Amino acid sequence: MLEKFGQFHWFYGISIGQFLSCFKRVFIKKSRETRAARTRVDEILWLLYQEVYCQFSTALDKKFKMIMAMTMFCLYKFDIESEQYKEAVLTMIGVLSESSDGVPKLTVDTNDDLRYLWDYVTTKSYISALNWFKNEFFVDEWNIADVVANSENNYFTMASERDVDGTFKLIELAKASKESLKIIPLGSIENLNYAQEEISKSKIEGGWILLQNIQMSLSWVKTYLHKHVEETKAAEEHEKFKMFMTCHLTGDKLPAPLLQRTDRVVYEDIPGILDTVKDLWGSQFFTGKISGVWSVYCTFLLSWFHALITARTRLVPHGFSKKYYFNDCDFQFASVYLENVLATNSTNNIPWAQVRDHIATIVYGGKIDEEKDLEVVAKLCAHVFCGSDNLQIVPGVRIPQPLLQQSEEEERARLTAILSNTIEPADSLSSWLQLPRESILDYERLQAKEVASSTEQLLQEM
Amino acid sequence: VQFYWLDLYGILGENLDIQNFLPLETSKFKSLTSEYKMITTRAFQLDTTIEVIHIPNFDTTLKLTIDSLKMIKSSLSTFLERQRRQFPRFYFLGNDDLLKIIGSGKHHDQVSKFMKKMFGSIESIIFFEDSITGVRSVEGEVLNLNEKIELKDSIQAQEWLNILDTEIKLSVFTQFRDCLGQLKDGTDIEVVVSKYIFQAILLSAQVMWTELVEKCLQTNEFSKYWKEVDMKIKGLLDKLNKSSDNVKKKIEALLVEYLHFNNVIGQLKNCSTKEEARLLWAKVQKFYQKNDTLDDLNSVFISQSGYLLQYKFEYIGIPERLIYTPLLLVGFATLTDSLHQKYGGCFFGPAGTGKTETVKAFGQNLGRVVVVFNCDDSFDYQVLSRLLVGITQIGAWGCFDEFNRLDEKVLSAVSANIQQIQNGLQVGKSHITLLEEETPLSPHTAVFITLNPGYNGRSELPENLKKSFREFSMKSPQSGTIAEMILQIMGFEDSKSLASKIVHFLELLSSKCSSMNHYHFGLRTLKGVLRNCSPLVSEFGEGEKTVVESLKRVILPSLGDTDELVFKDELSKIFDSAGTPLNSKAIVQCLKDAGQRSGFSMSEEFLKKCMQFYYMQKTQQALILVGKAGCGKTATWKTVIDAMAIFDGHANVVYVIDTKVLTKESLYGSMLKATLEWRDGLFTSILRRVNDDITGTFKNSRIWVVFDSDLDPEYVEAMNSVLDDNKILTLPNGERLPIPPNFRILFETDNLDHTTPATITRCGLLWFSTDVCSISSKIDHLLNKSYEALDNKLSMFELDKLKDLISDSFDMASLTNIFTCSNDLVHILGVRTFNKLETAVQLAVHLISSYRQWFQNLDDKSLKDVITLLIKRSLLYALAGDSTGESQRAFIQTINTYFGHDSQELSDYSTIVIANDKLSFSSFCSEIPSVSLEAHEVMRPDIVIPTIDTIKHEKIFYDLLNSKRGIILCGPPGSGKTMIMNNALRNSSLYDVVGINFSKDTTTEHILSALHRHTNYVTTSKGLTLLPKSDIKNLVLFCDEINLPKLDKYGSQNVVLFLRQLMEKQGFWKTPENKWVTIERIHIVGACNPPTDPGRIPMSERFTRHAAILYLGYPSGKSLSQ
């Protein structure tokens, strides 16, 4: 499986040293139910699954992770047992069975070929079945904080994303973990001196160092490999010292010698609407509490707004014609925007129509050159924003709350974070995003095309 | 050391001639003094390193004083490092600058030499010897000081500077206190103007009008109020007749604000206004002012949405002002709250559509003098670290112009420094160790980046930075209001009428003109058009004629040369008077005359495009010539500059630097990490000089800096701020270098397809083509050169007696036909008339040159008949010897075109039938030297036996040799390439030869290093040299691999660009100095294999306009059998 995982370029450059270390984590540094003695082997297998992909899936693209669940479970859940695919797979491959999404575990249980692909591939009228397996495929340490909280010898290979500041998350983790937030923005002699002495001090001190722009001063790697071993020992030197490697955006080729020794994890700035929403509320605390309290609610609206945008941003071209990185700085900005209109928002005097106009052309009206996209954000404003509490406007995500005299932290859950992921299962819902479902329907097949190809790719050894 | 003495000429030298220096080391300076009587006094002329060494008695007057220098430097270095610390302003300059500032500190004038970096937006100073009473804003308008200040060094330049600012500030707001009171009460603006500076007069007018609009926001008087400001417009429009250009401009800006009031009030007037909460005044900004403040830079509040910002009042005056479009407006609110987040921005859109203008608009709205950073330079972060201390000690607002075009080295290194600064901005941490000491970080600084639509929208900015930047999609601003309000404030009679017709004029043009990539007419251009309107009214600008005249002046010029009719016809469809001929008709006429003197036809298409040069000479800050070298791209510049100077009545201050043989570090400076400064390069030192002594002589002279290449952003992007509109270069240490109105940029190309329109479309372009010269036009040029042909031994009497058959051939269409027949056949180099007219006339005239001696005794007519074959040989060598014998033969069939003897029927053709010195001929039959190998060296390749094609090349070469030009031997090793080479470099002891190796990666320096052994230099008093290896004998340098040396990023053969200035210009830009140094008699020739072979190097079109070449592939079995 590892060998097939390693066909994913340098993303999966994890090798045999790590493989053995991975299994050492399986049998030692994971669960107490992985005792090698039989008959724990059934559970071991289930926990091999978990430990193996909790590192190996973090070294692979989500499209791999989706098919990893599908492929790998033949070994781990069914001890090498085949099963047959329906809907999308027939559409793009064949496999002699078709029945769509409306069908669950009904006529699925056939001989030789088991009910789970017969069930879940139905679901693949839109490719979501690869997550619907619910077959223990979840990264054990999926939380980047948990990635950090591992054995330090497995250094923090932060494989990030283009336009996404994964380093920022690490900065926040330094502060969250309360470790000496040191940052080395590699590129100068002074930064080489930081690579030299700043790290050397940290080796003793127990410092937390972000090797920002690890590729810009890549040549360090020439001796770094012995320094890898050295730093591993330095982690133990203070049981605090941690080293983070960051810069990787897209085509950043990382060395197998280190992927073989480090914790290879790809950063993913991919939150659903409510995921985005809830996190954004937590980040503001009291920005709209400052008199007038009507702006508290406005800050809550902005979290919903940005979140709808993060969905739309991902939907591009379905969403926006241009994929501008609308981020939580724009969200933060909007709360600052509110912070300023508190002069009017002391009560319902806030010119929320003016604010809507500004949400479209100030807050999220950034890189967008296309007037359509400016109109897209504007029609979202029309759809969502209003300068007060009790807004009976978008009940689809359930924004109609009376969250007035209480802040973004003070009573977040009370009326808003108590809500579940209020996202239409059959849509985006694109009426919130004011988008054409047609693209989703096209995505059904476009997904099937890529997925079909990737399952043929990986499945050979899984 | 001496190097320190040079840098320390100020402190050590100038502080002994004027010894006001810190006694700490002055006591050591006293020992210097005893000797500085020689090396500082004689150094009034003898200033540089070795030059100081050439000062009498330097043996101790330099060296002993160097020992004292060391004694001194031990604390002096740190003295000025601390003086530099004391003055944030000293971080905008180098230590040499500072060494001289303190060096002759008594001279308060020396201090004022750095005002562009020491002060804000201030023009000049109102002062007396060592005492000051007032100050001149960058506008030219003045503000006196609240109190007289003494300037002489005494009081301590730091204190002194602080005092200067204090009294200016006091005047800035104290007189402003009065200004508001006056306007708010209703005092006529003439009085208000008489008593104060406009940048804030307007601001207090806005405070008054804010109160007055609040009255109408309460629905007390929307119509009346609208009428009131409209009546105030009418009053000011009458007041525009005041002769003071600054004052009428002053109130034009006020009028624009009144027009904003007619717009905004008009909207409020025409809308159910929810008091100030209605976006028509909640979105639209408002102003407040507190006269009751002791801080004379902090009284006015800038407001909209729900925030008030503190206006700075940095002394500026009138200068810039943008129309308050809704897009500018949301730009301001975005910038504001981004500022409140302490986050930056990233503008994405072209200059002329607000790329920088809207940043500056906000800065002006804030009252700050924004430091615009032309980021395309060698901004080593160490140098910036110095600057960072200065700008953070102050709080300078940063505008980063083309930020992502700066090298990553710096970006990552600075991200360390600026992040600490950013952290301090967030925290409230003033003092931050910057450069080498705790620097009091001022919260006024902010980082807003701006680029013309970045290359394909690419995220060159690292995500660890980018996260905190909010983009500003400057696709466009509300140009409908920009254009109309500009025409309205202009007093343009058709500000609405013509404006609507302009929409339709450009509409028609867009539906008819071609989509030339070398063409643009957006708001950027429109701003140029808007600038043209009023003055074109005076230049025969009939109501609508005004803009179509402008549409003749700009936009069309750049468009393909066949679309002239598009503009004449489409503009006529709306308004019959579709522009006017170059009003300064005498200029395009003098141009024509210059071209006639140059031997070119000066076609009307050419002259018309040049009328557009003259039209845009006035209008555009930069122009791109597109076309043929010698017929457009270059002939335009060649001859329009002569009449250019006349067009404006200015000096023809034009420059041509071969930038592609100098590095960007050679040009803009290299890093000096030991000092944390960087060595100024050619262009950097020049541009610093532009702003400290060059424009002191060329303040109004017409300056055009010429770009000698196809677009290649590495030597183009640095100029973009000029092309944009900004017109500025800010250096690595904050040395802002503004580019003046008399400084324009002239590009020479035919192909800008090397980058994005983001930069191309920022400036004007004048399109030519090869249609500028027919072969007749090219011949008229050749003809004049044939009149002057060639060797001085030729009395030109013999020439006329022979050449007139050629002269007659020039008239013959059949000669034109052989130029097209050559084009129809395969040749090793591209057939170009600027090369072939030269090759043919050089071969022919040198054949004539040999006849100058022979012909003296030979019969005139008989020779006229003999040279019909001979001249045909030069025609059948120039346009045929450069290829395969069969292609040559096919070209030889064209032998029936020569005037003297039009016969295809010639047997052994003239290329074979060689003319002799006694009118006889010699048919070039096999000349393979049967009597050669008899014994001894039979198998030795060093003396290898030739063929008639290897011999032919030498026979042709002899006249190419007589011309002493660039002759290329083309053929593979052993074919004749090396066979001929062995013989060719041994042709005569008369010439010096050098078998130079040119591999793919052999530089001209590797070669030059060797050539320094093989060449000499007669250094002159001008710093110029000249001399071949031996005296007189031409240094026949031999390039053994002409088509092997690599091309650069865009296919430019930079090796040859150097070789051309070396040989064609007889000199070179000595890179270490960037010093042009001359050459005497060096002759560059060479060899190469067939360029048709895989992996061979292409020759530039303009190199094909000047290089000769001969061709032979591997030899025949017949000749090998012999």
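Residues numbered from 1 in each chain as written, not as in the entry; some residues may be left out. Chains lettered and ligands numbered in written order. Part of a larger assembly, values for the part shown. Heavy atoms only, no water.

This deposited entry lists cryo-EM as its structure determination method and 10.5 Å as its resolution.

Draft legend 1. Region of interest: the overall build of chain B. What chain B contains, in helices and strands, is 43 helices and 31 strands. C-alpha extents for chain B along the principal axes are approximately 110 × 85 × 50 Å. Counting only residues that meet the buried cut, chain B has 59% of its 1122 residues in that class. For chain B, contacts bridging at least 24 residues in sequence account for 73% of all contacts bridging at least 6. Here chain B displays about 44100 Å² of accessible surface, and carbon together with sulfur accounts for 54% of that area. (Helix = DSSP H or I, 4+ residues; strand = E, 2+ residues; numbered from the N terminus. Buried < 20%, exposed > 50% of the residue type's maximum accessible area, 1.4 Å probe, protein only. Contact = heavy atoms within 4.5 Å. Areas by Shrake-Rupley, 256 points an atom, 1.4 Å probe, with all protein chains shown as cover.)

Draft legend 2. Main features of the overall build of chain A. Within chain A one finds 20 helices and five strands. Over its C-alpha atoms chain A spans a radius of gyration of 25 Å, differing by no more than 12% from the 23 Å that the globule rule assigns to 462 residues. Oriented by its inertia axes, the alpha-carbon framework of chain A measures out at about 70 × 65 × 40 Å. Contacts in chain A between residues at least 24 apart in sequence constitute 73% of all its contacts with a sequence separation of at least 6. Here chain A has roughly 19400 Å² of accessible surface; of this, 54% comes from carbon and sulfur atoms. Looking at chain A, you have 49 positive and 63 negative side-chain charges, and the mean spots of the two groups are 3 Å apart. (Rg over C-alpha atoms; globule rule 2.2 N^0.38 Å. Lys, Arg positive; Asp, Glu negative; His and termini not counted. Charge placed at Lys NZ, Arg CZ, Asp CG, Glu CD.)

Draft legend 3. Spotlight on the packing of helix α36 (residues 833-854) of chain B against helix α37 (residues 860-878) of chain B. Residues and elements named next belong to chain B. Closest axis-to-axis distance for the α36/α37 pair is 9 Å, and the angle between their directions is 145 degrees. Two packed elements cross with a definite hand, and for α36 against α37 that hand is right-handed. Together, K836, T839, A840, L843, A844, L847 and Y851 of α36 and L863, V866, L870, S874, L875, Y877 and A878 of α37 make up the contact between the two elements. (Axes fitted to C-alpha atoms, helices over the stretch in contact; angles between N-to-C directions. Left-handed = near helix turned anticlockwise from the far one by under 90°.)

Draft legend 4. Layout of the interface of chain A and chain B. On the chain B side, the residues contacting the 48 residues of chain A number 41 residues. Both sides together, the interface formed by chain A and chain B hides about 3500 Å², and carbon and sulfur atoms give 54% of it. Ranking the residues of chain A by area buried against chain B places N340(A), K367(A) and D369(A) at the top, with a combined share of 16%. Remark: the boundary between chain A and chain B carries six salt bridges. The salt bridge partner of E463(B) is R162(A), with a shortest N-O separation of 3.1 Å. Summed over the shared surface of chain A and chain B, the result is 25 residue pairs in polar contact. Secondary-structure elements contributing two or more residues to the side of chain A that touches chain B are α10 (189-205), α15 (328-340) and α16 (352-363) of chain A. Among the elements that line the side of chain A that touches chain B, the one with the most residues is α15(A), at eight residues. Split by residue class, the side of chain A that touches chain B holds 19 nonpolar, 16 polar and 13 charged. (Buried area = accessible area lost by both parts, 1.4 Å probe. Salt bridge = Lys/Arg side-chain N within 4 Å of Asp/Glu carboxyl O. Polar contact = N/O pair within 3.5 Å; in protein donor to acceptor, adjacent residues only side chain to side chain. Nonpolar A, V, L, I, M, F, W, Y, C, P; charged D, E, K, R; others polar.)

Draft legend 5. The nonpolar core, seen in detail. In this structure, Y364(A), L12(B), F313(B), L551(B), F567(B), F613(B) and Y614(B) are the most contacted members of the largest nonpolar core, which totals 303 residues. Of all hydrophobic cores here, the second largest spans 62 residues; its members include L843(B), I867(B), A878(B) and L969(B). (Core = buried A, V, L, I, M, F, W, Y, C linked by side-chain atoms within 4.5 Å.)

Draft legend 6. Representation of the pairing of strand β1 (residues 156-159) of chain A within the structure. Residue and element names in this part refer to chain A. A two-sided burial pattern is seen for β1, the buried positions comprising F156 and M158 on one face and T157 and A159 on the other. One ladder, built from three bridges, connects β1 with strand β4 (residues 242-246); its direction is parallel. By the bridge assignment for β4, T157 is matched with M245. Bridge count between β1 and strand β5 (residues 263-266): four bridges; the pairing is parallel. Within β5, the position partnered with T157 by the bridge is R264. (Pairing = 2+ DSSP bridges.)

Draft legend 7. Spotlight on a nonpolar patch on the surface. All names here are of chain A. On the surface, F285, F286 and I290 cluster together into a nonpolar patch covering about 290 Å² of accessible area. In this structure, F285 sits in the loop between α13 (273-282) and α14 (294-315). Look at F285 and you get partly exposed, because its relative accessible area is 41%. (Patch = residues over 30% accessible without salt bridge, like charges linked within 9 Å, V, L, I, M, F, W, Y side chains within 5 Å.)

Draft legend 8. A look at empty space enclosed by the protein. The tally for this structure, following the rule as stated, stands at 16 cavities of 30 Å³ or more. Approximately 290 Å³ is the volume found for the largest cavity. Lining the largest cavity are 22 residues, and of these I214(A), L218(A), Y224(A), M245(A) and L258(A) sit closest to its centre. At the level of elements, β1, α10, α11 (221-238), β4 and α12 (256-259) of chain A are the ones that each hand at least two residues to the lining of the largest cavity. Lining the second largest cavity are 19 residues; nearest its centre among them are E954(B), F957(B), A984(B), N987(B) and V1085(B). It is helix α39 (residues 948-963) of chain B that contributes the most residues to the lining of the second largest cavity, four residues altogether. (1 Å grid on protein atoms, 1.4 Å probe; cavity = no way out; pocket = protein on both sides within 12 Å on 5 of 7 lines; lining within 4 Å. Points joined across faces, edges and corners; volume = space filled by probe spheres on them.)

Draft legend 9. Quick look at helix α22 (residues 497-510) of chain B. Residues and elements named next belong to chain B. With 14 residues, α22 ought to run about 20 Å at 1.5 Å a step, and its terminal C-alpha atoms sit 20 Å apart, in line with that. Of all the positions in α22, only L498, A499, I502, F505, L506 and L509 are classed as buried. Looking straight down α22, one finds its buried side chains confined to an arc of 105 degrees; they lie on one side. Buried residues along α22 sit against α21 (479-490), α24 (545-553) and α25 (564-572). (Expected span 1.5 Å × (residues − 1). Arc of directions from axis to C-beta.)

Draft legend 10. Main features of the sheet that holds strand β26 (residues 992-996) of chain B. All names here are of chain B. Read across the open sheet, the five strands follow the order β26-β27-β30-β25-β31; overall the sheet is parallel. Of all strands in the sheet, those with a lone pairing partner are β26 and β31 (1108-1111), marking the two edges. Sheet twist, expressed as the mean angle between neighbouring strand axes with direction ignored, is 20 degrees. Strand direction decides the pairing type here: strand β25 (residues 967-970) and strand β30 (residues 1082-1088), joined by three bridges, are parallel. Within β30, the residue paired with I968 across the bridge is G1086.

Draft legend 11. Quick look at the packing of helix α27 (residues 604-619) of chain B against helix α28 (residues 635-648) of chain B. All names here are of chain B. Look at α27 against α28: their axes get within 10 Å of each other, and the N-to-C directions meet at 45 degrees. Taken together, the axes of α27 and α28 lie oblique to each other. Pair α27 / α28 crosses with right-handed handedness. Here α27 contributes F606, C610, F613, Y614, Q617 and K618 to the contact with α28, which in turn contributes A635, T636, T639, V640, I641, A643, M644, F647 and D648. A breakdown of the residues in the contact of α27 with α28 according to their chemical character gives ten nonpolar, three polar and two charged. (Parallel < 35°, antiparallel > 145°, perpendicular 65-115°, else oblique.)

Draft legend 12. Molecular detail of the packing of aromatic side chains. Scanning the model with the defined rule gives 57 aromatic pairs over all chains in all. Summarising the aromatic geometry, the rings of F173(B) and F176(B) are spaced 5.8 Å apart at their centres and angled 75 degrees between planes, so their arrangement reads as edge-to-face. Residue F173(B) and its partner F176(B) are both found in helix α10 (residues 157-185); the two are separated by three residues, about one turn of the helix. With respect to burial, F173(B) and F176(B) carry one shared label: buried. Through successive ring pairs, a cluster of aromatic residues spans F73(A), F78(A), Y116(A), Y120(A) and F133(A). The positively charged end of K77(A) is found above the aromatic ring belonging to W46(A), 4.4 Å away from the centroid. (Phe/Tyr/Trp six-rings, centres within 6.5 Å; stacked < 30°, edge-to-face > 60°. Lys NZ or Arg CZ within 6 Å of the ring centre and 35° of its normal.)

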